[PDB]
Asks: 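I have a structure here, written as structure tokens, and I will follow up with some questions on it.
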Protein chains: 2
Amino acid sequence: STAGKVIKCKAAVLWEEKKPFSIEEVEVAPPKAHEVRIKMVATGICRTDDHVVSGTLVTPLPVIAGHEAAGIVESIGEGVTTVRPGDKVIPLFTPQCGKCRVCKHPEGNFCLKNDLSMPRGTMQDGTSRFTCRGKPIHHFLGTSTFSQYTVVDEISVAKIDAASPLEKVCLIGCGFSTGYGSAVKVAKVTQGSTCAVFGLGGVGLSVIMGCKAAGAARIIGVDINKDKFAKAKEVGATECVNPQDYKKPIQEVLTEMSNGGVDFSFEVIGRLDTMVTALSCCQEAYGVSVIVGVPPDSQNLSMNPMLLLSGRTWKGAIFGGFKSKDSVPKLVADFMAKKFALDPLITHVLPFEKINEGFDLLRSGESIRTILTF
Amino acid sequence: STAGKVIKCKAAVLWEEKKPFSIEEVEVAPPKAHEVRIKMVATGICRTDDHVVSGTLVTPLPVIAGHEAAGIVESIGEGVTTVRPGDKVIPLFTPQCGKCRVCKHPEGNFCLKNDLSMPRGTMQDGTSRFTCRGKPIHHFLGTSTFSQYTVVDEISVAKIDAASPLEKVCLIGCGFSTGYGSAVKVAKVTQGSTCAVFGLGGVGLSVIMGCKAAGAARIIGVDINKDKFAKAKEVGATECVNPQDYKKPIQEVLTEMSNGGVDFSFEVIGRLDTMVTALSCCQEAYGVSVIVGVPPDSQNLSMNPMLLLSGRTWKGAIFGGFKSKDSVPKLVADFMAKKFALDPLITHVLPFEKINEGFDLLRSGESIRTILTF
Ligand SMILES: NC(=O)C1=CN([C@@H]2O[C@H](COP(=O)(O)OP(=O)(O)OC[C@H]3O[C@@H](n4cnc5c(N)ncnc54)[C@H](O)[C@@H]3O)[C@@H](O)[C@H]2O)C=CC1
Ligand SMILES: NC(=O)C1=CN([C@@H]2O[C@H](COP(=O)(O)OP(=O)(O)OC[C@H]3O[C@@H](n4cnc5c(N)ncnc54)[C@H](O)[C@@H]3O)[C@@H](O)[C@H]2O)C=CC1
Ligand SMILES: O=CNC1CCCCC1
Ligand SMILES: [Co+2]
Ligand SMILES: [Co+2]
Ligand SMILES: [Zn+2]
Ligand SMILES: [Zn+2]
């Protein structure tokens, strides 16, 4: 009754930066070859989406944002083989073509078909399946799940379990997987180590879960909002410190607390200063610091290279280093096997119509993850 | 005959920066508790010693420099248990106390008892064994090998094989073992990967030897001195580029050549610009870049954190990551077993009196290592 036809539905359009989302009707074109149309079930409010509003992350406007979601396939285009109509799926904001130099690498994950390095804000064929008021609406990261119906390329969606709580497992599309994978797959947190986590939101808490799951003896969470310490200690943080509660540079404090530096530090905020700070506080000869936060656009940090020369390892990662299409189904299947918990990340659950409310909440500090259930 | 006595010998004292070494007689005190007085046989001229002269590496002046050496123990002091009088040893500019948390970690090697981070230019007890002209003379990295006799702390020296050619294995004391281990231990280069090496001096060529021994498929040598290309090809470099031999950024050129970026890149120069360039030229999703060169002192680089978020791993290392007191006897035993060659590194041989002429060979570019004989 809808396959092969234009679907008229509501979406959250962003016409310009630093303005709230306009909840209006959009025209969703039917899926083309190797494309998939998804009926959204639940979507998360990631800071990454807020970065598009604030101008921190630059992508073509106007746009339908969102990338943390899980829906059910409405219709598939010609040549789609990995998902069928009626399958539960998760949009992958990092694709997995399987044919490129990174996808074939056994330990690489930033597939080259991504729309992040140089945002084109379209499908793979370079066109927009979205229309609002007759104007075409750009895509976001190949997902654009801030809509009741979206279209993704087959490389940007994975099939998850048919018996999946779609209102929880949507966090596996981004927030949880990024933080958990950064700790387990990127940093490679060892048993008994000391970990520092800068930022205690959805991704930062997920990092903490990964470190505790990896057996970290100490997990020091850092945030300038102490209202976040409670949740952090719930999921594994052994101590929480507030840089504003220190007279000297936070890194010096953590060097003391760790008796010479932490084994693994994580920047999970998106500031240049914290990125260098988080690298500074890990052990100068065998420490590892992982950047997870998104920096401001086109904008450099200044850092003493002699901080690496002593033996430090500094690395970043997209989506926790997880190969998206291989891993997102494995994580959904692990979550239901009670391998880890997603519920500690969900603080608010709202109607999609109240999407500017869940965003106002993230900018005031009151939320970790606001799920939007369609 | 001289045990427990003050010894007069020639030494190259550096009085002020950017000045020639002054061959003067100096009073070498006898060894103290856990100290070893060593007679020098051969010492190499490292670019690090020139950093002291130029001011690139700030260390207390006046100083007796030198850290590449091999010699024979004059005498030991009370409580020394690892080296007897007259054993062939190598001073370790990176000590291995074996009791801090670095020495003791499975991969760390920048022992906290080092004199690099906060150089005081003394022994472990804070005093100088060098008297020249009624003045205490600073040490250098607890080695000060630019002297017919020196006194090193027991944790800064390693007994090596008694049949060792000391005019060759002094390079295991720094130049070779640094570049070699940076490739096989630090970067941990893979079978059949593509390697880029910025800098084709003594340390840069050793990286090539490590890269080749690790099974590299392509080893791209980068140097602005085309006269360095012959020796680089001779030790395993498949190609050689002059950055001044391209119109694009050198990192664009290497990215084309590598079809998307190299697997492993090495900065073996000591320039801020080439550190970032060497990091840019490896694969954004799984490239590894190792800094080996010494940057200008307290001088700061500017790089884009988006280079790391995509996946890139950025690290540095001292002495190729080798635990010094452990590795120097093994590495001298592998040279005995013909498992690598030091002869391609030795381009010049001069007497100790010709130290100033040996430095000008390096400053002129005409040399790899000049080996001073005592
Ligand atoms: N590389 C990747 O794959 C992904 C990157 N990210 C980025 O990670 C970062 C964190 O994501 P979220 O948890 O969703 O954002 P968030 O706003 O929920 O959490 C950030 C936390 O850091 C705190 N903070 C802000 N400024 C601080 C400062 N100067 N010092 C200490 N703490 C400070 C905030 O109070 C907040 O609690 C974002 O920048 C996001 O764009 C998010 C998803 C995946
Ligand atoms: N991290 C560690 O453990 C150690 C660090 N080092 C440092 O490694 C660096 C190299 O050591 P050496 O081989 O002995 O010095 P070197 O002078 O023999 O080699 C440096 C090479 O870099 C080349 N070069 C200079 N500018 C260049 C540019 N813009 N682009 C491309 N190539 C350029 C030079 O032509 C030269 O051939 C030094 O800075 C040294 O202090 C030395 C030993 C141990
Ligand atoms: O060359 C020998 N040692 C070097 C190691 C890198 C920092 C400066 C000193
Ligand atoms: Co996100
Ligand atoms: Co050296
Ligand atoms: Zn791919
Ligand atoms: Zn030690």
Side-chain angles (χ1 to χ4, degrees), chain A residues 285 305-306 308-311, chain B residues 43-54 56-59 65-69 91-95 109-110 114-117 119 140-143 145 170-182 185-186 196-208 220-229 231-232 240-246 249-251 254 266-278 290-297 315-322 324 345 347-348 359 361-370:
Chain A
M306 182 57 71
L308 278 301
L309 189 55
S310 55
Chain B
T43 182
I45 295 159
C46 189
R47 186 52 87 157
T48 300
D49 305 314
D50 186 62
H51 289 336
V52 183
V53 181
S54 51
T56 294
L57 199 61
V58 173
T59 198
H67 56 271
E68 288 201 357
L92 311 166
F93 73 87
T94 317
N109 71 331
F110 194 50
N114 72 88
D115 207 31
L116 203 176
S117 294
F140 180 57
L141 308 171
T143 46
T145 78
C170 49
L171 271 55
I172 292 144
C174 184
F176 169 75
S177 291
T178 296
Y180 193 78
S182 301
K185 181 189 284 287
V186 181
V197 171
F198 287 69
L200 297 168
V203 182
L205 301 162
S206 303
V207 177
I208 300 188
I220 322 172
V222 187
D223 206 89
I224 45 169
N225 194 13
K226 85 200 297 196
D227 285 290
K228 298 273 159 62
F229 290 5
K231 186 67 58 58
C240 285
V241 310
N242 191 342
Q244 177 259 327
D245 268 358
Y246 293 99
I250 184 64
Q251 65 253 62
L254 290 171
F266 299 87
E267 206 280 349
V268 190
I269 304 170
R271 277 173 79 75
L272 299 168
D273 62 16
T274 46
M275 284 171 196
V276 190
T277 288
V290 172
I291 301 168
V292 192
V294 168
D297 180 340
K315 69 222 291 171
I318 300 300
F319 195 57
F322 279 122
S324 78
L345 295 173
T347 65
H348 289 76
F359 270 53
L361 282 144
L362 190 62
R363 314 195 168 111
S364 89
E366 284 181 329
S367 75
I368 297 306
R369 285 290 198 271
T370 304

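Quick note: numbers below take in every heavy atom, side chains included, and nothing from hydrogens, waters or symmetry partners. Indexing begins at 1, ligand by ligand and atom by atom, following the structure's order. Here is how names work: the chains are called A, B, and so on, in the same order as the sequence lines, proteins then strands, and each is numbered from 1.
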Asks: Can you tell me which residue and heavy atom of the protein come closest to atom 42 (C) of ligand 2, and the distance to 0.1 Å?
Replies: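 Answer for atom 42 (C) of ligand 2: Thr48(B) OG1, 3.5 Å.
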Asks: How close does the nearest protein non-hydrogen atom get to atom 20 (C) of ligand 2, and which residue and atom is it?
Replies: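 Protein heavy atom with the smallest distance to atom 20 (C) of ligand 2: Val268(B) O, 3.9 Å.
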Asks: Using distance alone, decide if ligand 2 has a nitrogen or oxygen within less than 3.5 Å of any nitrogen or oxygen in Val294(B).
Replies: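 Right, the criterion is met.
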Asks: Counting both backbone and side chain atoms, is some N or O of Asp223(B) under 3.5 Å from an N or O of ligand 2?
Replies: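 For ligand 2, there is an N or O atom that lies under 3.5 Å from one belonging to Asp223(B).
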Asks: Could you tell me whether ligand 2 has any atom less than 4.0 Å away from a heavy atom of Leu362(B)?
Replies: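 Per 4.0 Å heavy-atom rule, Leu362(B) contacts ligand 2.
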Asks: Consider every N or O of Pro243(B) and every N or O of ligand 2, then say whether any pair is closer than 3.5 Å.
Replies: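 In fact, backbone or side chain, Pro243(B) has no N or O that close.
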Asks: Does the N or O separation between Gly202(B) and ligand 2 drop below 3.5 Å for any pair?
Replies: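 Yes, there is a polar N/O contact under 3.5 Å.
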Asks: With a cut-off of 4.0 Å, which atoms of ligand 2 are near a heavy atom of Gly293(B)?
Replies: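 Counting from 1, the qualifying ligand atoms are 7 (C), 8 (O), 9 (C), 39 (O).
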Asks: Search all heavy atoms of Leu345(B) against all heavy atoms of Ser206(B) and return the closest pair with its distance.
Replies: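 Between these two residues, the closest heavy atoms are CD1-OG, 3.6 Å.
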Asks: Counting only nitrogen or oxygen atoms and a 3.5 angstrom limit, does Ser367(B) reach ligand 2?
Replies: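 In this structure, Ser367(B) places no N or O atom under 3.5 Å from an N or O of ligand 2.
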Asks: Between the protein and ligand 3, which nitrogen or oxygen pairs come in under 3.5 Å, and how far apart is each?
Replies:
unit_1, atom_1, unit_2, atom_2, d
ligand 3, 1 (O), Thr48(B), OG1, 2.6
ligand 3, 1 (O), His67(B), NE2, 3.1

Asks: Using atom types as modelled and distance alone, determine if a side-chain donor or acceptor of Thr59(B) lies under 3.5 Å from a backbone N or O of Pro119(B).
Replies: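 Checked: no pair found.
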Asks: Could you tell me whether ligand 2 has any atom less than 4.0 Å away from a heavy atom of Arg369(B)?
Replies: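 The answer is yes, since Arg369(B) has a heavy atom less than 4.0 Å from ligand 2.
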Asks: Among the heavy atoms of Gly179(B), does any lie under 4.0 Å from an atom of ligand 2?
Replies: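 Heavy atoms of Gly179(B) never come under 4.0 Å of ligand 2.
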Asks: Polar contacts were defined as any N/O atom of the residue lying under 3.5 Å from an N/O atom of the ligand; does this apply to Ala317(B) and ligand 2?
Replies: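 Yes, there is a polar N/O contact under 3.5 Å.
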Asks: May I ask you to check whether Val203(B) has an N/O atom sitting below 3.5 Å from an N/O atom of ligand 2?
Replies: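 Between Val203(B) and ligand 2, an N or O pair is found under 3.5 Å apart.
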Asks: Among all protein heavy atoms, pick out the one at the shortest distance from atom 16 (P) of ligand 2; state its residue, atom name and that distance to 0.1 Å.
Replies: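 Nearest neighbour among protein heavy atoms for atom 16 (P) of ligand 2, to 0.1 Å: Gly201(B) CA, 3.9 Å.
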Asks: Please indicate whether any nitrogen or oxygen in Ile269(B) is less than 3.5 Å from any nitrogen or oxygen in ligand 2.
Replies: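 Between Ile269(B) and ligand 2, an N or O pair is found under 3.5 Å apart.
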Asks: May I ask you to list the atoms of ligand 2 that are less than 4.0 angstrom from any heavy atom of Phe319(B)?
Replies: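 Under 4.0 Å from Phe319(B), ligand 2 has these atoms: 2 (C), 3 (O).
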Asks: What count do you get for protein N/O/S atoms less than 2.8 Å from the Co ion (ligand 5)?
Replies: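 Step by step: take the Co ion (ligand 5), keep protein N, O, S below 2.8 Å, and you get 3.
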Asks: Quick test: of every protein heavy atom, which one is nearest to atom 4 (C) of ligand 2, and how far off is it to 0.1 Å?
Replies: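 The answer is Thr178(B) CG2, 3.6 Å.
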Asks: What residue among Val197(B), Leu200(B), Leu254(B) forms side chain to side chain contact (heavy atoms under 4.5 Å, CB included) with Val222(B)?
Replies: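 Per the side chain to side chain contact (heavy atoms under 4.5 Å, CB included) rule, the option paired with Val222(B) is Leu254(B), out of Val197(B), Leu200(B), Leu254(B).
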Asks: Among protein heavy atoms, which lies nearest atom 15 (O) of ligand 2, and at what distance?
Replies: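 Ranked first by proximity to atom 15 (O) of ligand 2 is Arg47(B) CB, 3.2 Å.
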Asks: So, does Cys174(B) sit close enough to ligand 2 that a heavy atom of it is under 4.0 Å from the ligand?
Replies: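 Checking ligand 2 against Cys174(B), which is what was asked, there is a heavy-atom contact under 4.0 Å.
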Asks: Do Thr56(B) and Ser54(B) meet the criterion of a side-chain donor-acceptor pair at a distance under 3.5 Å?
Replies: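 Per modelled atom types, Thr56(B) and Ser54(B) side chains form a pair under 3.5 Å.
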Asks: Identify the closest protein heavy atom to atom 26 (N) of ligand 2: which residue and atom is it, and at what distance?
Replies: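 Going atom by atom, the protein heavy atom closest to atom 26 (N) of ligand 2 ends up being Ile224(B) CD1, 3.4 Å.
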Asks: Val292(B) to ligand 2: N or O pair under 3.5 Å?
Replies: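 Such a contact does occur with ligand 2.
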